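Chemist: Input: one structure, supplied below.
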Amino acid sequence: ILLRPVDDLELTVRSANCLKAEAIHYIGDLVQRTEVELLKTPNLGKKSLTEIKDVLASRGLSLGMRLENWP
Amino acid sequence: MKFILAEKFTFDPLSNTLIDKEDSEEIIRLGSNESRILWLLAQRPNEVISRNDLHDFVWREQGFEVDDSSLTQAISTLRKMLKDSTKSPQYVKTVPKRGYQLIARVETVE
Amino acid sequence: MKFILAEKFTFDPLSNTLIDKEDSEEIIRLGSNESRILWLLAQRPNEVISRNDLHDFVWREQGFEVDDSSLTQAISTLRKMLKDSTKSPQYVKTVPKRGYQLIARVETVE
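These protein sequences, in sequence, are chains G, K and H. To convert, take the position in the first sequence, counting from 1, and add 252; that gives the deposited numbering. To convert, take the position in the second sequence, counting from 1, and add 5; that gives the deposited numbering. To convert, take the position in the third sequence, counting from 1, and add 5; that gives the deposited numbering.
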């Protein structure tokens, strides 16, 4: 799952633009950045963070987890 | 350097203020995005500039990416606050498939 | 290193004192944070400064650890002490998502 475009996430265009601001290209990139790091962003506010974390929990992989030897 | 538009308005790129000579008492307040768009228009006197190029010069230096409806809304607010004509080519107009145009004259104060 | 701001104020960061040309006898006391804020605005006269840059330069020098909104409170106190209208800024401007601006005239005597 960690190898799919952030496009395949069904998020509001505001969130997609904000994620392109930090050059997040694929998923998994989004998960190795915590909530406080993400929120310090132009236009990536509260409701967008709740939406992104709820969609992440639908994926089941909330923000924060670490893995090995990526990539 | 300060610019004068159509011998009527004056504007500076560095402090983002507008002054109408007809009503010199009332200072006109503009947003940063529309002000930078108009300054970029003034840098190229009365020649067409692409929507794509002006958009990417205005907002990628800002560090963040937005959709193209933001450009249209910014131009709408620019035309509204300047009291420019709704669709007649008086100060600023839109040329389809090619970009955006300005009609007001450029007078560099200094 | 003492500054003149907008041909009206004399600013001393080494003594954190503010003096008016209208009120030369009256010297107003500004806190450390506000003094450092205005000092960086003067060190970069009219180029846009960033909120991270201000929080860093002010509180990374003393090792203080404060939240981001403390910068907003410091700027609010500076605005109330400068008698600068937030609706129509003359000294300090808020450039959204970019930081702040010192639009007043800044001169360096020595």
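The beta carbon of each residue, even a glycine, is placed where N, CA and C say it ideally should be.
1) DSSP three-state call for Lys272 of chain G: helix, strand or coil?
2) Nearest CA to the CA of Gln106 of chain K: which residue from K:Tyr96, K:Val114, K:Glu115, K:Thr113?
3) What are the residues in the stretch 284 to 299 of chain G lying within 9 Å of chain K by C-beta distance?
4) Answer with buried or exposed for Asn57 of chain K, where buried requires no fewer than 16 other C-beta atoms within 10 angstroms of its C-beta.
5) Could you round the C-beta distance between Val53 of chain K and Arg84 of chain K to whole angstroms and report it? I think they count as a contact, below 8 Å.
6) With distances taken from CA atoms, which of H:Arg49, H:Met6, H:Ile33, H:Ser20 is nearest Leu87 of chain H?
7) Determine, for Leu19 of chain K, whether the minimum Cβ-Cβ distance to residues of chain H falls below 8 Å.
8) On the three-state DSSP scale, how would you describe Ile9 of chain K?
9) Using DSSP bridges, identify the partner residues of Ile279 of chain G.
10) At a cut-off of 7 Å, would you count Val71 of chain K as near the ligand FMN, judging by its Cβ distance to the nearest heavy atom?
11) Along chain K, which residues have their Cβ under 8 Å away from the Cβ of residue 196 of chain H?
12) I want to see whether chain K comes within less than 8 Å of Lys305 of chain G, judged by CB atoms only; does it?
13) Less than 8 Å between the CB atoms is what I'm expecting for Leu313 of chain G and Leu301 of chain G, so what's the real figure, rounded?
14) Can you pull the chain H residues whose beta carbon is under 8 Å from the beta carbon of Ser75 of chain K, in chain order?
15) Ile32 of chain K touches chain H at which residues, Cβ-Cβ below 8 Å?
16) Taking the alpha-carbon positions, what's the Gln78 of chain K to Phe62 of chain H distance?
Modeler: To lay it out plainly:
1) Residue numbering aside, residue 272 of chain G sits at position 20 when the first sequence is read from its first letter. Helix at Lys272 of chain G.
2) Along the second sequence, one-based indexing puts residue 106 of chain K at 101. Closest by alpha carbon: K:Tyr96.
3) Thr293, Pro294, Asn295
4) In the second sequence, residue 57 of chain K corresponds to position 52, counting from 1. Classification of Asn57 of chain K: exposed, given that the 10 Å Cβ count is below 16.
5) Within the second sequence, residue 53 of chain K is the residue found at index 48, counting from 1. Within the second sequence, residue 84 of chain K is the residue found at index 79, counting from 1. Not confirmed; about 17 Å, so no contact.
6) By 1-based counting over the third sequence, the position of residue 87 of chain H is 82. The shortest Cα separation from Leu87 of chain H among H:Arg49, H:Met6, H:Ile33, H:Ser20 belongs to H:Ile33.
7) The residue given as residue 19 of chain K occupies position 14 in the second sequence. Chain H contact via Cβ: present.
8) Numbered from 1 along the second sequence, position 4 holds the residue referred to as residue 9 of chain K. DSSP, reduced to helix, strand and coil, places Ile9 of chain K within a strand of the structure shown.
9) Translated into the one-based positions of the first sequence, residue 279 of chain G becomes position 27. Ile279 of chain G is not bridged to any residue.
10) What this structure holds is no ligand at all, so the ligand FMN is not there to describe.
11) Any property of residue 196 of chain H remains undetermined from this structure, which presents chain H solely from 6 to 115.
12) Translated into the one-based positions of the first sequence, residue 305 of chain G becomes position 53. Not an interface residue.
13) For the purposes of this step, residue 313 of chain G is taken as the residue at position 61 of the first sequence. For the purposes of this step, residue 301 of chain G is taken as the residue at position 49 of the first sequence. Between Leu301 of chain G and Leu313 of chain G the Cβ distance is about 15 Å, and since that is not below 8 Å, they are no contact.
14) Residue 75 of chain K sits at position 70 when you count from the first residue of the second sequence. Going along chain H, no residue has its Cβ under 8 Å from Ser75 of chain K, so there is no contact; the nearest lies around 13 Å.
15) In the second sequence, counting from the first residue as 1, residue 32 of chain K sits at position 27. Those within 8 Å of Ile32 of chain K in chain H are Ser93.
16) On the second sequence, position 73 is the one that residue 78 of chain K refers to. On the third sequence, position 57 is the one that residue 62 of chain H refers to. Distance between the alpha carbons of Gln78 of chain K and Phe62 of chain H: 36 Å.
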